[PDB]
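Novice: My questions will all concern the structure given below.
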Amino acid sequence: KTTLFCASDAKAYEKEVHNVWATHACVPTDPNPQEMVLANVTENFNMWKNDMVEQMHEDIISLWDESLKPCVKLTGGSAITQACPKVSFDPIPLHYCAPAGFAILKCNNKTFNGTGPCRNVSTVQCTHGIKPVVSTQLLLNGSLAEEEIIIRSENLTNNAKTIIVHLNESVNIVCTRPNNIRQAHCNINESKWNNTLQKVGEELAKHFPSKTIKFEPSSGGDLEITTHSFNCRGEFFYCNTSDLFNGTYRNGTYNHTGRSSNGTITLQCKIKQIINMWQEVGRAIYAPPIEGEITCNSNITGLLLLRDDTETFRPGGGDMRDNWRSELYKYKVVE
Ligand SMILES: N=C(N)NC[C@H]1Cc2cc(CN3CCC[C@@H]3CO)ccc2[C@@H]1NC(=O)C(=O)Nc1ccc(Cl)c(F)c1
Ligand SMILES: *[C@@H]1O[C@H](CO)[C@@H](O)[C@H](O)[C@H]1NC(C)=O
Ligand SMILES: *[C@@H]1O[C@H](CO)[C@@H](O)[C@H](O)[C@H]1NC(C)=O
Ligand SMILES: *[C@@H]1O[C@H](CO)[C@@H](O)[C@H](O)[C@H]1NC(C)=O
Ligand SMILES: *[C@@H]1O[C@H](CO)[C@@H](O)[C@H](O)[C@H]1NC(C)=O
Ligand SMILES: *[C@@H]1O[C@H](CO)[C@@H](O)[C@H](O)[C@H]1NC(C)=O
Ligand SMILES: *[C@@H]1O[C@H](CO)[C@@H](O)[C@H](O)[C@H]1NC(C)=O
Ligand SMILES: *[C@@H]1O[C@H](CO)[C@@H](O)[C@H](O)[C@H]1NC(C)=O
Ligand SMILES: *[C@@H]1O[C@H](CO)[C@@H](O)[C@H](O)[C@H]1NC(C)=O
Ligand SMILES: *[C@@H]1O[C@H](CO)[C@@H](O)[C@H](O)[C@H]1NC(C)=O
């Protein structure tokens with residue numbers, strides 16, 4: 001294809017690392033939105049095979065090695081040591097733009113499952129704003145679906161193909177390490193989670209009909225995928241999800257099997273210093289946690305599930321490109 005560029009709304013005076021990187025690598029956004037309609041054009045898309053995702057992945061990796069430097073980095077046999085200062089870290093939206101001679105096509109089917117032919121298409125200079133939010137299991141601070149829940153997969157038969165659940169209805173998750181210096185928790189409205197998993201099981205049933213739907217905690221792996229992991233304000237949170245991906249859906253009803261309390265699920269989390277890298281196969285060691293109350297109040301906007309009568313799904317992730325895919329699913333670059 002071609003090298004795209006990034007337009008951000010970032011601020012040169014911000015110390016925050018996303019802002020620095022973007023002012024150093026992205027052009028300013030166009031306030032005037034260049035957009036063409038053309039319903040009839042009938043392009044095909046395949047979110048699973050989309051050079052845009054690669055380019056963004058590249059960039060985010062660059063941004064992380066520039067901003068979130070680890071005290072140590074073990075890759076292969078080598079151990080590189082850098083200064084690993086604490087930093088101001090809040091992901092900002094990024095727009096991916098097509099350079100002169102190329103344009104981005106945008107699929108407008110509010111229910112597009114991200115592969116195949118798309119009726120209502122548009123021409124755009126740039127993607128919407130996308131926050132590069134690295135995480136497993138739970139997709140955070142993404143952009144909602146429009147009409148109903150969508151279920152995206154390269155191939156649902158193949159149970160080794162990550163499944164992306166695109167929710168239409170954000171679900172609050174609040175994580176705090178309050179003022180063991182490494183212990184924190186996450187709170188979720190069990191009624192909200194309730195509804196969401198029930199609705200998700202419905203939609204999942206449409207794709208496996210004679211089967212009862214099951215949600216079970218992550219079976220095994222590196223700690224970074226068997227828990228909901230993510231970076232908040234700098235530190236690396238790992239949160240246990242077993243009280244969350246824990247329920248059955250049978251006969252149009254969803255029962256939650258995980259344990260709650262006064263109608264909220266709380267997740268035990270630990271802040272980890274040693275970190276299995278998502279960028280490449282290796283480890284990164286970071287300084288002990290900063291002090292004071294570390295809190296991220298985020299929207300669960302999507303899931304990352306893997307499947308194994310009864311059909312049962314567990315939370316997955318680990319290929320940070322799936323996060324990008326979940327937002328970029330609806331575009332392709334052309335010409
Ligand atoms: N150091 C290794 N090994 N990097 C390999 C990556 C690549 C991959 C891929 C799969 C997918 N599976 C299924 C089929 C193929 C593969 C086999 O497992 C799972 C995990 C992983 C690994 N991702 C992570 O390690 C990771 O994301 N850490 C992490 C760190 C910080 C934060 Cl905030 C976070 F959110 C996460
Ligand atoms: C996705 O939708 C296309 C049609 O738009 C269909 O051919 C394909 O089988 C669907 N796959 C999944 C996993 O929904
Ligand atoms: C979201 O999707 C679900 C199931 O796909 C549906 O029941 C609901 O009405 C949709 N819209 C919402 C919840 O606003
Ligand atoms: C998914 O994989 C199965 C084998 O696991 C294969 O038979 C099937 O054709 C694949 N689906 C698609 C849409 O290619
Ligand atoms: C999550 O909690 C359950 C029970 O509390 C435990 O068996 C499981 O190993 C925990 N996983 C992690 C990664 O802490
Ligand atoms: C669901 O949660 C309960 C306690 O909250 C736990 O005993 C049970 O094992 C969990 N289910 C699974 C499949 O882990
Ligand atoms: C949030 O949770 C409380 C109890 O945990 C419940 O009373 C309230 O209705 C929930 N919010 C919504 C919008 O349902
Ligand atoms: C929804 O949550 C409420 C309170 O948190 C609980 O009483 C109810 O059993 C839940 N609904 C389902 C279908 O599990
Ligand atoms: C999600 O967005 C809110 C608002 O920008 C922010 O407070 C929170 O830290 C974000 N969460 C993550 C994981 O970036
Ligand atoms: C969560 O979703 C709401 C509604 O979609 C949105 O207005 C808000 O910016 C999002 N972020 C937080 C932290 O609530």
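By convention here, the chains of the structure tokens are called A, B, ... in the order presented, each chain's residues are numbered starting at 1, and ligands are numbered starting at 1 in the order presented.
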Counting only C-alpha atoms and all ligand atoms, which protein, DNA or RNA residues come within 6 Å of ligand 4, given as an MDAnalysis selection string?

Specialist: chainID A and resid 155 157:158

Novice: Throw together the list of residues within 12 Å of ligand 6, counting only C-alpha atoms and all ligand atoms, and drop it here as a PyMOL selection string.

Specialist: chain A and resi 214-219+240-248+255-261+265-268+312-314

Novice: In Å, rounded to a single decimal, give me how far atom CA of residue A:221 is from atom CA of residue A:81.

Specialist: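 Here the two named atoms are 26.9 Å from each other.
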
Novice: What's the separation between atom 13 (C, counted along the ligand's line) of ligand 9 and atom CA of residue A:106, in Å to one decimal place?

Specialist: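 Value for the atom 13 (C, counted along the ligand's line) of ligand 9-atom CA of residue A:106 distance: 26.4 Å.
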
Novice: Go through A:54, A:202, A:235, A:90 one by one, measure the shortest atom-to-atom distance of each to residue A:319 using only C-alpha atoms, and give the residue with the smallest value.

Specialist: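 For residue A:319, the nearest of the given residues is A:54.
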
Novice: Please provide as an MDAnalysis selection string all residues within 7 Å of residue A:145, with the sequence filter that same-chain residues fewer than 5 positions apart are discarded (counting only C-alpha atoms).

Specialist: chainID A and resid 166:168

Novice: Taking only C-alpha atoms and all ligand atoms into account, which residues are within 10 Å of ligand 2, as a list in words?

Specialist: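 The neighbouring residues of ligand 2 are, in order, residues 44, 45, 46, 109, 111, 112, 113, 114, 115, 116, 117, 118, 119, 150, 151, 152, 153, 154, 155, 156, 157, 163, 164 and 207 of chain A.
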
Novice: Find the residues near residue A:128: any atom within 12 Å, counting only C-alpha atoms, skip ones fewer than 2 places away on the same chain, and give them as a ChimeraX atom specification.

Specialist: /A:6-9,29-30,33-35,93-97,104,106,124-126,130-131,142-143,327-331

Novice: Which residues sit within 9 Å of ligand 1, counting only C-alpha atoms and all ligand atoms, listed as an mmCIF file with N, CA and C atoms, in the first residue's frame?

Specialist:
```cif
data_model
loop_
_atom_site.group_PDB
_atom_site.id
_atom_site.type_symbol
_atom_site.label_atom_id
_atom_site.label_comp_id
_atom_site.auth_asym_id
_atom_site.auth_seq_id
_atom_site.Cartn_x
_atom_site.Cartn_y
_atom_site.Cartn_z
ATOM 1 N N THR A 75 15.661 -8.977 26.124
ATOM 2 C CA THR A 75 15.095 -9.669 24.976
ATOM 3 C C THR A 75 16.189 -10.577 24.461
ATOM 4 N N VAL A 133 -5.181 2.197 23.236
ATOM 5 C CA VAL A 133 -5.249 1.734 24.621
ATOM 6 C C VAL A 133 -4.860 0.255 24.679
ATOM 7 N N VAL A 134 -3.664 -0.018 25.189
ATOM 8 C CA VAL A 134 -3.127 -1.371 25.289
ATOM 9 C C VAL A 134 -3.805 -2.132 26.433
ATOM 10 N N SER A 135 -4.388 -3.289 26.125
ATOM 11 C CA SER A 135 -4.984 -4.082 27.202
ATOM 12 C C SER A 135 -5.351 -5.469 26.685
ATOM 13 N N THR A 136 -5.659 -6.352 27.627
ATOM 14 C CA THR A 136 -6.105 -7.700 27.317
ATOM 15 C C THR A 136 -7.528 -7.876 27.837
ATOM 16 N N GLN A 137 -8.196 -8.939 27.378
ATOM 17 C CA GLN A 137 -9.525 -9.322 27.879
ATOM 18 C C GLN A 137 -10.577 -8.243 27.632
ATOM 19 N N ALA A 160 -9.273 -21.003 17.286
ATOM 20 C CA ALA A 160 -8.019 -20.367 17.628
ATOM 21 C C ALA A 160 -8.002 -18.942 17.144
ATOM 22 N N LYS A 161 -9.099 -18.492 16.538
ATOM 23 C CA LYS A 161 -9.218 -17.135 16.032
ATOM 24 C C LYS A 161 -9.894 -16.292 17.110
ATOM 25 N N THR A 162 -9.123 -15.399 17.728
ATOM 26 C CA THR A 162 -9.665 -14.374 18.622
ATOM 27 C C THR A 162 -11.002 -13.828 18.145
ATOM 28 N N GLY A 221 -2.017 -19.122 30.781
ATOM 29 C CA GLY A 221 -1.147 -18.287 29.978
ATOM 30 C C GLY A 221 -0.251 -17.459 30.872
ATOM 31 N N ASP A 222 0.592 -16.657 30.223
ATOM 32 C CA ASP A 222 1.226 -15.560 30.941
ATOM 33 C C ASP A 222 0.199 -14.735 31.729
ATOM 34 N N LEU A 223 0.623 -14.287 32.904
ATOM 35 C CA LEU A 223 -0.233 -13.444 33.725
ATOM 36 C C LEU A 223 -0.828 -12.261 32.953
ATOM 37 N N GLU A 224 -0.123 -11.762 31.928
ATOM 38 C CA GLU A 224 -0.649 -10.615 31.204
ATOM 39 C C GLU A 224 -1.947 -10.933 30.441
ATOM 40 N N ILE A 225 -2.215 -12.185 30.051
ATOM 41 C CA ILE A 225 -3.488 -12.472 29.387
ATOM 42 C C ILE A 225 -4.466 -13.205 30.302
ATOM 43 N N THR A 227 -5.202 -12.417 33.145
ATOM 44 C CA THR A 227 -5.913 -11.374 33.854
ATOM 45 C C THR A 227 -6.185 -10.243 32.873
ATOM 46 N N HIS A 228 -7.071 -9.335 33.273
ATOM 47 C CA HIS A 228 -7.276 -8.085 32.551
ATOM 48 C C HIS A 228 -6.146 -7.132 32.899
ATOM 49 N N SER A 229 -5.251 -6.890 31.945
ATOM 50 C CA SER A 229 -4.020 -6.143 32.186
ATOM 51 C C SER A 229 -4.014 -4.855 31.375
ATOM 52 N N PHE A 230 -3.336 -3.843 31.891
ATOM 53 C CA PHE A 230 -3.454 -2.561 31.201
ATOM 54 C C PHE A 230 -2.577 -1.553 31.938
ATOM 55 N N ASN A 231 -2.313 -0.424 31.298
ATOM 56 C CA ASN A 231 -1.507 0.593 31.945
ATOM 57 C C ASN A 231 -2.408 1.736 32.329
ATOM 58 N N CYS A 232 -2.251 2.193 33.557
ATOM 59 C CA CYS A 232 -3.059 3.271 34.094
ATOM 60 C C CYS A 232 -2.127 4.293 34.728
ATOM 61 N N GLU A 235 1.353 2.981 35.885
ATOM 62 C CA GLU A 235 1.602 1.643 36.411
ATOM 63 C C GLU A 235 0.878 0.566 35.587
ATOM 64 N N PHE A 236 1.352 -0.683 35.728
ATOM 65 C CA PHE A 236 0.792 -1.830 35.015
ATOM 66 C C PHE A 236 -0.137 -2.596 35.945
ATOM 67 N N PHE A 237 -1.435 -2.490 35.704
ATOM 68 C CA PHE A 237 -2.425 -3.174 36.518
ATOM 69 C C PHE A 237 -2.652 -4.557 35.942
ATOM 70 N N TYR A 238 -2.712 -5.559 36.821
ATOM 71 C CA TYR A 238 -3.230 -6.862 36.432
ATOM 72 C C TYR A 238 -4.411 -7.169 37.334
ATOM 73 N N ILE A 275 7.323 -7.399 33.439
ATOM 74 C CA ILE A 275 6.227 -7.305 32.500
ATOM 75 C C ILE A 275 6.581 -8.069 31.238
ATOM 76 N N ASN A 276 5.729 -9.019 30.864
ATOM 77 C CA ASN A 276 5.862 -9.679 29.581
ATOM 78 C C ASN A 276 5.439 -8.700 28.493
ATOM 79 N N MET A 277 6.372 -8.359 27.616
ATOM 80 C CA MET A 277 6.129 -7.303 26.643
ATOM 81 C C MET A 277 5.106 -7.765 25.609
ATOM 82 N N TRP A 278 4.255 -6.831 25.155
ATOM 83 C CA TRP A 278 3.359 -7.123 24.039
ATOM 84 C C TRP A 278 3.985 -6.772 22.712
ATOM 85 N N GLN A 279 5.008 -5.931 22.726
ATOM 86 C CA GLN A 279 5.587 -5.481 21.468
ATOM 87 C C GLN A 279 6.362 -6.612 20.794
ATOM 88 N N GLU A 280 7.223 -7.290 21.550
ATOM 89 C CA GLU A 280 8.034 -8.378 21.032
ATOM 90 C C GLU A 280 8.150 -9.403 22.157
ATOM 91 N N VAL A 281 8.801 -10.530 21.894
ATOM 92 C CA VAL A 281 8.893 -11.576 22.913
ATOM 93 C C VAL A 281 10.046 -11.228 23.847
ATOM 94 N N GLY A 282 9.715 -10.775 25.051
ATOM 95 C CA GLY A 282 10.748 -10.378 25.992
ATOM 96 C C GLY A 282 10.143 -9.766 27.237
ATOM 97 N N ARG A 283 10.999 -9.275 28.118
ATOM 98 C CA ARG A 283 10.522 -8.756 29.386
ATOM 99 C C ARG A 283 10.976 -7.330 29.607
ATOM 100 N N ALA A 284 10.222 -6.622 30.439
ATOM 101 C CA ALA A 284 10.526 -5.230 30.730
ATOM 102 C C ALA A 284 10.368 -5.023 32.219
ATOM 103 N N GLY A 316 -9.558 -13.511 26.387
ATOM 104 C CA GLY A 316 -8.245 -13.660 25.800
ATOM 105 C C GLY A 316 -7.610 -12.316 25.448
ATOM 106 N N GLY A 317 -6.651 -12.368 24.526
ATOM 107 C CA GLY A 317 -5.909 -11.206 24.089
ATOM 108 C C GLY A 317 -4.434 -11.507 24.084
ATOM 109 N N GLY A 318 -3.626 -10.477 23.846
ATOM 110 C CA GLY A 318 -2.182 -10.661 23.835
ATOM 111 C C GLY A 318 -1.553 -10.112 22.567
ATOM 112 N N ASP A 319 -2.277 -10.207 21.443
ATOM 113 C CA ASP A 319 -1.865 -9.583 20.184
ATOM 114 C C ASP A 319 -2.468 -8.191 20.131
ATOM 115 N N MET A 320 -1.715 -7.205 20.623
ATOM 116 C CA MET A 320 -2.230 -5.837 20.680
ATOM 117 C C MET A 320 -2.799 -5.346 19.362
#
```

Novice: Please check which protein, DNA or RNA residues sit within 7 Å of ligand 10, counting only C-alpha atoms and all ligand atoms, and write them as a PDB file with N, CA, C and O atoms, in the first residue's frame.

Specialist:
```pdb
ATOM      1  N   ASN A 141     -12.051   2.225  26.575  1.00  0.00           N
ATOM      2  CA  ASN A 141     -12.111   3.576  26.020  1.00  0.00           C
ATOM      3  C   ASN A 141     -12.240   3.556  24.497  1.00  0.00           C
ATOM      4  O   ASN A 141     -11.888   4.508  23.801  1.00  0.00           O
ATOM      5  N   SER A 170     -21.596   1.358  26.685  1.00  0.00           N
ATOM      6  CA  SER A 170     -20.381   1.240  27.494  1.00  0.00           C
ATOM      7  C   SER A 170     -20.703   0.758  28.922  1.00  0.00           C
ATOM      8  O   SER A 170     -21.824   0.880  29.413  1.00  0.00           O
ATOM      9  N   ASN A 172     -19.100   0.784  32.845  1.00  0.00           N
ATOM     10  CA  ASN A 172     -18.096   1.404  33.693  1.00  0.00           C
ATOM     11  C   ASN A 172     -17.216   0.388  34.389  1.00  0.00           C
ATOM     12  O   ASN A 172     -17.709  -0.551  35.020  1.00  0.00           O
ATOM     13  N   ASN A 297     -10.718   5.570  35.584  1.00  0.00           N
ATOM     14  CA  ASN A 297     -12.156   5.399  35.443  1.00  0.00           C
ATOM     15  C   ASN A 297     -12.408   5.269  33.946  1.00  0.00           C
ATOM     16  O   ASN A 297     -12.319   6.264  33.208  1.00  0.00           O
ATOM     17  N   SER A 298     -12.662   4.039  33.482  1.00  0.00           N
ATOM     18  CA  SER A 298     -12.629   3.748  32.054  1.00  0.00           C
ATOM     19  C   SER A 298     -13.937   3.101  31.630  1.00  0.00           C
ATOM     20  O   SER A 298     -14.691   2.573  32.466  1.00  0.00           O
ATOM     21  N   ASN A 299     -14.199   3.149  30.314  1.00  0.00           N
ATOM     22  CA  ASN A 299     -15.357   2.488  29.713  1.00  0.00           C
ATOM     23  C   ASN A 299     -14.954   1.145  29.114  1.00  0.00           C
ATOM     24  O   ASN A 299     -14.119   1.091  28.197  1.00  0.00           O
TER      25      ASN A 299
END
```

Novice: Under the rule that only C-alpha atoms and all ligand atoms are counted, which of A:323, A:191, A:251, A:120 is the nearest residue to ligand 8?

Specialist: A:191

Novice: Could the residues of chain A that have an atom at most 7 Å from ligand 8 be listed as a tab-separated table, each with its closest atom pair and the distance in Å to one decimal, counting only C-alpha atoms and all ligand atoms and ordered by chain and ascending residue number?

Specialist:
```
residue	atom	partner	partner_atom_place_in_ligand_line	distance
A:190	CA	ligand 8	5 (O)	4.6
A:191	CA	ligand 8	2 (O)	3.9
A:194	CA	ligand 8	1 (C)	5.1
A:253	CA	ligand 8	13 (C)	6.9
A:254	CA	ligand 8	13 (C)	5.2
A:255	CA	ligand 8	14 (O)	4.4
A:256	CA	ligand 8	14 (O)	4.6
A:262	CA	ligand 8	5 (O)	6.8
A:263	CA	ligand 8	5 (O)	3.5
A:264	CA	ligand 8	5 (O)	6.3
```

Novice: May I have the residues from that selection written out with C-alpha atoms, as a CSV table (one decimal), in the first residue's frame?

Specialist:
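Ended up saving to selection-v9.csv:
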```csv
chain,number,residue,atom,x,y,z
A,190,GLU,CA,-23.2,-6.1,38.5
A,191,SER,CA,-26.6,-5.1,37.0
A,194,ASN,CA,-25.6,-8.6,33.9
A,253,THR,CA,-31.7,-16.2,30.2
A,254,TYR,CA,-28.3,-15.3,31.6
A,255,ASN,CA,-27.3,-16.3,35.1
A,256,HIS,CA,-24.2,-14.7,36.5
A,262,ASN,CA,-23.9,-5.0,47.2
A,263,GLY,CA,-24.5,-5.3,43.5
A,264,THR,CA,-20.9,-4.6,42.4
```

Novice: Apply DSSP to the structure's backbone, then extract all residues of stretch 47-296 of chain A labelled alpha helix (DSSP H) and return them as a PDB file with C-alpha atoms, in the first residue's frame.

Specialist:
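To be explicit, this is the file written out as out.pdb:
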```pdb
ATOM      1  CA  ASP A  51      -2.255  -2.831   6.426  1.00  0.00           C
ATOM      2  CA  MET A  52      -3.618   0.128   8.430  1.00  0.00           C
ATOM      3  CA  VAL A  53      -3.517  -2.051  11.558  1.00  0.00           C
ATOM      4  CA  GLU A  54       0.139  -2.869  10.924  1.00  0.00           C
ATOM      5  CA  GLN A  55       1.092   0.792  10.465  1.00  0.00           C
ATOM      6  CA  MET A  56      -0.663   1.820  13.670  1.00  0.00           C
ATOM      7  CA  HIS A  57       0.883  -1.073  15.576  1.00  0.00           C
ATOM      8  CA  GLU A  58       4.270   0.118  14.335  1.00  0.00           C
ATOM      9  CA  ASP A  59       3.590   3.638  15.572  1.00  0.00           C
ATOM     10  CA  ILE A  60       2.251   2.599  18.994  1.00  0.00           C
ATOM     11  CA  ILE A  61       5.337   0.430  19.501  1.00  0.00           C
ATOM     12  CA  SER A  62       7.447   3.466  18.619  1.00  0.00           C
ATOM     13  CA  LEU A  63       5.499   5.636  21.030  1.00  0.00           C
ATOM     14  CA  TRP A  64       5.889   3.162  23.851  1.00  0.00           C
ATOM     15  CA  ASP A  65       9.655   2.680  23.395  1.00  0.00           C
ATOM     16  CA  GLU A  66      10.040   6.458  23.340  1.00  0.00           C
ATOM     17  CA  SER A  67       7.762   7.215  26.329  1.00  0.00           C
ATOM     18  CA  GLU A 190     -23.176  -6.101  38.460  1.00  0.00           C
ATOM     19  CA  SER A 191     -26.573  -5.088  37.014  1.00  0.00           C
ATOM     20  CA  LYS A 192     -24.823  -3.423  34.084  1.00  0.00           C
ATOM     21  CA  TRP A 193     -22.501  -6.379  33.574  1.00  0.00           C
ATOM     22  CA  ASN A 194     -25.557  -8.648  33.913  1.00  0.00           C
ATOM     23  CA  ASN A 195     -27.381  -7.062  31.082  1.00  0.00           C
ATOM     24  CA  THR A 196     -24.287  -6.923  28.896  1.00  0.00           C
ATOM     25  CA  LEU A 197     -23.330 -10.571  29.127  1.00  0.00           C
ATOM     26  CA  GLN A 198     -26.946 -11.634  28.681  1.00  0.00           C
ATOM     27  CA  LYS A 199     -27.200  -9.617  25.468  1.00  0.00           C
ATOM     28  CA  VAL A 200     -23.833 -10.909  24.404  1.00  0.00           C
ATOM     29  CA  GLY A 201     -24.869 -14.492  24.891  1.00  0.00           C
ATOM     30  CA  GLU A 202     -27.930 -13.835  22.839  1.00  0.00           C
ATOM     31  CA  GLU A 203     -25.882 -12.654  19.900  1.00  0.00           C
ATOM     32  CA  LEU A 204     -23.374 -15.454  20.470  1.00  0.00           C
ATOM     33  CA  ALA A 205     -26.266 -17.948  20.317  1.00  0.00           C
ATOM     34  CA  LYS A 206     -27.259 -16.651  16.881  1.00  0.00           C
ATOM     35  CA  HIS A 207     -23.878 -18.091  15.806  1.00  0.00           C
ATOM     36  CA  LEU A 223      -0.233 -13.444  33.725  1.00  0.00           C
ATOM     37  CA  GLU A 224      -0.649 -10.615  31.204  1.00  0.00           C
ATOM     38  CA  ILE A 225      -3.488 -12.472  29.387  1.00  0.00           C
ATOM     39  CA  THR A 226      -4.976 -14.619  32.131  1.00  0.00           C
TER      40      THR A 226
END
```

Novice: Just checking: using only C-alpha atoms, which residue out of A:291, A:271, A:10, A:49 ends up closest to residue A:23?

Specialist: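 Once distances to residue A:23 are computed over only C-alpha atoms, the minimum belongs to A:10.
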
Novice: Quick one: residues within 9 Å of residue A:99, only C-alpha atoms counted, chain neighbours fewer than 5 positions away excluded, as a list in words?

Specialist: residues 2, 3, 4, 5 and 125 of chain A

Novice: Pull N, CA and C atoms from the residues just selected and write them as a CSV table (one decimal), in the first residue's frame.

Specialist:
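As written to disk, selection12.csv reads:
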```csv
chain,number,residue,atom,x,y,z
A,2,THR,N,0.6,2.2,1.0
A,2,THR,CA,1.4,3.3,1.1
A,2,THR,C,1.6,3.7,2.6
A,3,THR,N,2.6,4.5,2.9
A,3,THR,CA,2.8,5.1,4.2
A,3,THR,C,1.7,6.1,4.5
A,4,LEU,N,0.9,5.8,5.5
A,4,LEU,CA,0.0,6.8,6.0
A,4,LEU,C,0.7,7.7,7.1
A,5,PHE,N,0.0,8.8,7.4
A,5,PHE,CA,0.5,9.7,8.5
A,5,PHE,C,-0.6,9.8,9.6
A,125,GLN,N,-10.5,11.7,4.4
A,125,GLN,CA,-9.0,12.0,4.6
A,125,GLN,C,-8.4,11.1,5.7
```

Novice: Of the candidates A:173, A:274, A:269, A:50, which one gets nearest to ligand 7 if we count only C-alpha atoms and all ligand atoms?

Specialist: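 Comparing A:173, A:274, A:269, A:50 against ligand 7, the winner is A:173.
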
Novice: Hey, which of A:185, A:139, A:149, A:285 ends up closest to residue A:302? Count only C-alpha atoms.

Specialist: A:139

Novice: Can you tell me which residues surround residue A:82 at a distance of at most 7 Å, considering only C-alpha atoms, apart from same-chain residues fewer than 5 positions away, and format the answer as a list in words?

Specialist: residues 69, 70, 71 and 72 of chain A
